[PDB]
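*Asks:* let's see this in three dimensions:
(one chain, ligands or ions: 1)
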Amino acid sequence: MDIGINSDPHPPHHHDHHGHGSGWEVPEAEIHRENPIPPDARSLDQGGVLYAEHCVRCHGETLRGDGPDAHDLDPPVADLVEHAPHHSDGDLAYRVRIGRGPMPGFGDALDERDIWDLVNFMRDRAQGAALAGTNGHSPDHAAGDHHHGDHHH
Ligand code: HEC
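*Replies:* Numbering: from 1, shown residues only. Pasting the structure now:
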């Protein structure tokens, strides 16, 4: 007989949950297309200096984000070790090489050889942190909580 609100002027439905996690602009195609990474200690160590030369002074060597001279710098920094498994190789290699300008874009500051090292040390470190059994959340330090699997306890 009488309608209070007719359904039509509006569309069927277009509700989204936005993006959660990183958010950085990086085409999935650049993230998964080319990434030459040599897996060694030198890539880890030397790759560890790349970021440590200038980036650690604000947020940890690479993943820790413990920052040594960040006390005067902007508010506390995030922990990349927790977000590392969330970031792919092409993405970090893509950001270090092309970046945007402000912070990333060290493709001219570093070489590809370094870029893979930056990718190696973060990739190795982030993984070593997973061993502790924290991947997916915070690290548990409760003794006698681990599942079946001791080996040298
Ligand atoms: C302070 C003087 C900084 C210097 C020098 C560098 N970065 Fe930085 N970076 C800084 C802040 C405050 C933040 C925000 C972190 C937060 O808590 O929100 C960042 C962040 C990044 C990120 C993003 C991390 C992520 O969660 O995805 C990247 C990839 C990054 N910074 C890279 C980077 C590099 C390569 C630098 C050296 C060349 C570098 N930063 C220096 C502060 C500062």
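*Asks:* pop out the phi and psi values for the residue nearest the centre of the chain.
*Replies:* Of all residues in the chain, the one closest to the mean position by Cα atoms, centre = their mean is residue 84, 3.4 Å from it. Comment: the main-chain dihedrals of residue 84 come out as phi -60, psi -60, following degrees, to the nearest 10.
*Asks:* any idea how far it is from the ligand?
*Replies:* In this structure, residue 84 lies at 9 Å from the ligand, with Cβ to the nearest ligand atom, to the nearest Å as the measure. Quick note: C-beta positions are derived from backbone N, CA and C, even for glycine.
*Asks:* could you find the closest non-adjacent residue to that residue?
*Replies:* Ranked by Cβ to Cβ, 6 or more residues apart in numbering and with sequence neighbours excluded, the top spatial neighbour of residue 84 is residue 126, at 3.1 Å.
*Asks:* check contacts around the one you found.
*Replies:* Contacts for residue 126 (Cβ atoms under 8 Å, 6 or more residues apart in numbering) come out as 63, 80, 81, 84, 85.
*Asks:* ok, the residue nearest to the centre of the chain - contacts?
*Replies:* In this structure, residue 84 makes contact with 63, 122, 123, 125, 126, 129, judged by Cβ under 8 Å, 6+ apart.
*Asks:* give me the residues contacting stretch 5-22.
*Replies:* The contact list for stretch 5-22, computed with Cβ under 8 Å, 6+ apart, reads 83, 86, 87, 91.
*Asks:* check contacts around the last one.
*Replies:* For residue 91, the contact set (Cβ under 8 Å, 6+ apart) comprises 22, 24, 26, 30, 31.
*Asks:* which ones are touching the second one?
*Replies:* Just to be clear, that refers to residue 24. If you count contacts by Cβ under 8 Å, 6+ apart, residue 24 has them with 91, 95.
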